[PDB]
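As structure tokens, one chain now follows by itself in the form solved without the ligand.
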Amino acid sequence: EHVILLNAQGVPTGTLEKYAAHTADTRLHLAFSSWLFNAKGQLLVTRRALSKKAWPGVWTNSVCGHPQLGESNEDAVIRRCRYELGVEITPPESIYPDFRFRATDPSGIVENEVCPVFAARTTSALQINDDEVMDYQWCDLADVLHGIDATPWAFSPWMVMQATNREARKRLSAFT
């Protein structure tokens, strides 16, 4: 598996092995962020496994990953939903297409990404991959936003940035 390196503009210039790519000096690459709701309109929040190289054990939005060469974002979302959560989803829809960020985790591991954000509904039960997810919670989008707004440090920095973007919060809010 790989990440796609991106030049100044977001042109793909090459690839790196996924694990080797995330260091204290992580270079800009392509990724996605996804927010999953069930038929009832509850938001899935997940906790990353303690073995994740970047932000292990951190509570975050439903699913995140790295599109591979030639893979659409939508497909990468579908792929990681199946891989991390064994869950089928409706066609992902765009909720924050220009999201980009750089952050440093507590051990100094950096994420540095162009990271369009999506939402979708699950259409099957979860089946948890414990190599990726150590815990999760179905909740009210309203309570999660209240938590993000009160103690954003309790959550991943990108979850926070996405949830506090005016328009993205609007589009997520209509998912209930």
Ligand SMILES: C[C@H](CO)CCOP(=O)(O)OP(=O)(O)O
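Note that residue numbering begins at 1 and tracks the sequence as displayed.
Just so you know, the form solved in complex with the ligand exists too; it's not on screen, but the next bit is about it.
A.B. asks: Spell out, yes or no, whether the shortest heavy atom distance between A120 and the ligand in the bound PDB entry is within 4.5 Å.
C.D. replies: No, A120 stays farther than 4.5 Å from the ligand in the bound PDB entry.
A.B. asks: I'd like to know whether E132 contacts the ligand in the bound PDB entry, with contact meaning heavy atoms within 4.5 angstroms.
C.D. replies: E132: yes, in contact with the ligand in the bound PDB entry.
A.B. asks: Contact between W158 and the ligand in the bound PDB entry at 4.5 Å, heavy atoms?
C.D. replies: Judged by the heavy-atom cut-off of 4.5 Å, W158 is in contact with the ligand in the bound PDB entry.
A.B. asks: Against the ligand in the bound PDB entry, would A31 count as a contact residue? Criterion: heavy atoms within 4.5 Å.
C.D. replies: Yes, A31 is a contact residue.
A.B. asks: Counting only heavy atoms and a 4.5 Å cut-off, does the ligand in the bound PDB entry sit next to every one of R47, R82 and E88?
C.D. replies: No, none of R47, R82 and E88 comes within 4.5 Å of the ligand in the bound PDB entry.
A.B. asks: Just one of 122-130, 108-116, 36-44, 137-145 has heavy atoms within 4.5 Å of the ligand in the bound PDB entry; which?
C.D. replies: It is 108-116 that comes within 4.5 Å of the partner.
A.B. asks: Taking heavy atoms and a 4.5 Å limit, what residues of 60-82 are near the ligand in the bound PDB entry?
C.D. replies: The stretch touches the partner through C64, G65, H66, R80.
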